[PDB]
Amino acid sequence: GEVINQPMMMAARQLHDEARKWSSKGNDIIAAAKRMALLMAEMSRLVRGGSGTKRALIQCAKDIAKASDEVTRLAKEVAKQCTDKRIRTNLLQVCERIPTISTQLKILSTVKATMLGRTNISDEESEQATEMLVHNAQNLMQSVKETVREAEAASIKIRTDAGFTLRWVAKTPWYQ
Amino acid sequence: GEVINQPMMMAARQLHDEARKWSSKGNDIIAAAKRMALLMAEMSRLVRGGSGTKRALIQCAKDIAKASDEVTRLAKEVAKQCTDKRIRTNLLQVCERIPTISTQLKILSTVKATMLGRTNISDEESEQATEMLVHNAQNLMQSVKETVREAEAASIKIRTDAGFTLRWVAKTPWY
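Cut-offs used in this document
Residues numbered from 1 in each chain as written, not as in the entry; some residues may be left out. Chains lettered and ligands numbered in written order. Heavy atoms only, no water. Residues with missing side-chain atoms left out of burial classes, pairs and counts. Contact = heavy atoms within 4.5 Å. Buried area = accessible area lost by both parts, 1.4 Å probe. Salt bridge = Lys/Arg side-chain N within 4 Å of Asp/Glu carboxyl O. Helix = DSSP H or I, 4+ residues; strand = E, 2+ residues; numbered from the N terminus. Nonpolar A, V, L, I, M, F, W, Y, C, P; charged D, E, K, R; others polar. Expected span 1.5 Å × (residues − 1). Buried < 20%, exposed > 50% of the residue type's maximum accessible area, 1.4 Å probe, protein only. Polar contact = N/O pair within 3.5 Å; in protein donor to acceptor, adjacent residues only side chain to side chain. Axes fitted to C-alpha atoms, helices over the stretch in contact; angles between N-to-C directions. Parallel < 35°, antiparallel > 145°, perpendicular 65-115°, else oblique. Disulfide = S-S within 2.5 Å. Patch = residues over 30% accessible without salt bridge, like charges linked within 9 Å, V, L, I, M, F, W, Y side chains within 5 Å. Areas by Shrake-Rupley, 256 points an atom, 1.4 Å probe, with all protein chains shown as cover. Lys, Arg positive; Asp, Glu negative; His and termini not counted. Charge placed at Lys NZ, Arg CZ, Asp CG, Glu CD.

Per the PDB record, the structure was determined using X-ray crystallography to 3.20 Å resolution.

Under the PDB entry, the name given to chain B is Vinculin, and the organism recorded is Homo sapiens.

If you look chain A up in the PDB entry, it shows as Vinculin from Homo sapiens.

In structure tokens form, the structure reads like this:
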């Protein structure tokens, strides 16, 4: 049926949940975050595949990395204009972390893709390749979630009342 | 540190829950429905306020009424372009109530607006004004709900693709 890596789906789902709180209009970070969440959800469906899903998996990691780059790039620009010393520090912390994680996600997605449908690989080896990928994916989803929040706080103080600003408008929260 | 009108929020939420199932693209009824739900949600907060929220409440009601008028207008156009007699009757029946409800909402929210802050008004009078406004809000949200549903049904048997008719595409559920 529909076998799919629950830890990976869980993490995508939570990154999606954090981002869906904001309108994407006037906020490219929010849009890139929503894009990531969706790609990660697809990747949770790819981990369980045959030799045909190898290139699909490598590509998925790549597109995720492209989105991560955009989040990083925009967060730096938001930080450059942040007046707040502590917020700016926190923002800058993740714009350092995300690129490292995204590079590793690419490596790990590739190592996993070369193992898909291959019967000549150890059951432990493959399982570890998954765990390493899942762990990394979780770190990525976390860093991005944290970036969304620091950048929202950084829009409270802005420098020169001029230049660059992300639009932080909620989409109305209903109780469940 | 802030209250809301839970019955009004509930009514707003369940109109929203029905509308969110579809794409606003090629469907102005869905767009107006989504607009209403959001305004009705804001109104639930505005009911619990001081003299500063008076004009904000009157404005909201005016905006809800404007969206109601658009829903009715489009529903009536959908009904003319329909061939099934009973579905056309159900839709015209449902949507014809909306303008009178919206008008009663403009009346009752004005009543409530003038009572906000005001310490010279009875506690029973102010409670009843809310109950009247809440009840009306619910009838309005339900009618719009019913209209959206009946408009979707009326899109099935149309006029040999003859006039302009609405796009009923289910928004892909995020998963």
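(A) Spatial organisation of the interface of chain A and chain B. Between chain A and chain B, the contact holds 12 residues from the first and eight residues from the second. For the pair chain A and chain B, the summed buried area comes to about 1,000 Å², and 60% of that belongs to carbon and sulfur atoms. Across the chain A-chain B interface, the total number found is zero salt bridges. Among the secondary structure elements, those contributing two or more residues to the side of chain A that touches chain B are α1 (6-19) and α2 (28-46) of chain A. At four residues, the largest contribution of residues to the side of chain A that touches chain B is made by α2(A). When grouped by side-chain class, the residues that make up the side of chain A that touches chain B number six nonpolar, two polar and four charged.

(B) Helix α4 (residues 85-113) of chain A, seen in detail. Residue and element names in this part refer to chain A. With 29 residues, α4 extends 43 Å from end C-alpha to end C-alpha; this agrees with the ideal 42 Å at 1.5 Å per step. Those residues of α4 lying buried are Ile87, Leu91, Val94, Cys95, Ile98, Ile101, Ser102, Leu105, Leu108, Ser109, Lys112 and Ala113. Packing partners of the buried residues in α4 comprise α2, α3 (54-80) and α5 (123-153). Regarding α4, its N-cap is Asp84, as a side-chain oxygen of that residue lies 2.9 Å from the backbone nitrogen of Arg86 further along.

(C) Summary view of the side chain of A:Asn136. Residue and element names in this part refer to chain A. Within the secondary structure layout, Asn136 lies in helix α5. Overall, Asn136 belongs to the buried group, its relative accessible area being 3%. Discounting chain neighbours no more than four positions away, the residues touching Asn136 are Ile101, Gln104, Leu105 and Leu108.

(D) Focus on the packing of helix α1 (residues 6-19) of chain B against helix α5 (residues 123-153) of chain B. Residue and element names in this part refer to chain B. Where α1 contacts α5, the axes come no closer than 9 Å and their chain directions differ by 5°. Between α1 and α5, the angle falls in the class roughly parallel. Facing α1, whose interface residues are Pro7, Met8, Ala11, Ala12, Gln14, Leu15 and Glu18, α5 presents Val134, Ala137, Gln138, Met141, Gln142, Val144, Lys145, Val148 and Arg149. Taken together, the residues of the contact of α1 with α5 break down into 10 nonpolar, three polar and three charged.

(E) Inspection of the state of the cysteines at higher detail. A complete count under the given rule lists zero disulfides over all chains for this structure. Looking at the unpaired B:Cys82, the closest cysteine sulfur is the one in B:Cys95, lying at 12 Å.

(F) Up close: a positive patch on the surface. A cluster of like positive charges, contributed by A:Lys25, A:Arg167, A:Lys171, B:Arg20, B:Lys25, B:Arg167 and B:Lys171, occupies part of the molecular surface. Relative to the helices and strands, B:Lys25 is located in the loop between α1 and α2 (28-46).

(G) Spatial organisation of the environment of A:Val144. All names here are of chain A. Relative to the assigned elements, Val144 resides in helix α5. For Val144, a relative accessible area of 1% puts it in the buried group. The spatial distance from the C-alpha of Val144 to the C-alpha of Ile30 is 9.8 Å, given a sequence separation of 114 residues. When sequence neighbours within four positions are dropped, the list of residues in contact with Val144 reads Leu15, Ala33, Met36 and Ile98.

(H) A look at α1(A). Residue and element names in this part refer to chain A. Along its 14 residues, α1 runs 20 Å from first to last C-alpha, staying within 8% of the 20 Å computed at 1.5 Å per residue. Of the positions making up α1, those classed as buried are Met8, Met9, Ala11, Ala12, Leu15, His16, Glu18 and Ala19. In the core, the buried residues of α1 are packed alongside α2 and α5.

(I) Geometry of the side chain of B:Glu150. Residues and elements named next belong to chain B. Locating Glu150 in the fold gives a position in helix α5. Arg86 provides the closest opposite charge to the buried, salt-bridge-free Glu150, at an N-O distance of 4.7 Å. Once residues lying within four places of it in the same chain are set aside, the contact partners of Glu150 are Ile87, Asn90 and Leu91.

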